[PDB]
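There is one chain below, alone, in structure tokens, taken in the form deposited in one PDB entry.
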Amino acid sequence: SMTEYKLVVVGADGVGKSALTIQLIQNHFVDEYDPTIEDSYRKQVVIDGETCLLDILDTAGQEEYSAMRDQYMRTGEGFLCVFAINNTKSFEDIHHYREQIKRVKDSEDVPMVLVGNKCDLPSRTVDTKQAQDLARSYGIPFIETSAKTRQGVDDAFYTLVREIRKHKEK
């Protein structure tokens, strides 16, 4: 039978959270002038022989009240914490996202993957070693992705599913 995994994608505005989610779900690359409106998306996919239903919240509108977001924070099982490899501030923001997740879940062992997106770009300002060190300090995996080329996209979300399975019976 199907197993449901509730996933939440968080990170600074403009890092490519909608692009990653839409790449995964709809298999095309978005490049929109307009800022993302928060929404959730479902994907059915076989991961390691298990038929999975991924219920994914692409967070956005980060200053505003969202009933749906509150519910995903309550029930969400794993988090993608996304920065952009050409934006040092988005990387510096990761700690605040991680600390918020830890506070709201009241736990240090929440399934999480650190994602460095936009890895297709020639304008890197965050070294892979800095990101690996941060992820090691949190005890979580680090993966680079490009929503533009699809590099690493499936890997990031499937790794998160595998992290959830490592933490709890599914």
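Note that residue numbering follows the sequence shown and begins at 1.
Checked against the record, the higher mean CA B factor of 117-125 and 101-109 lies with 101-109.
In this entry, 31-39 has the higher mean Cα B-factor, the comparison being between 55-63 and 31-39. The PDB entry assigns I143 a C-alpha temperature factor belonging to the lowest third of its chain's modelled residues.
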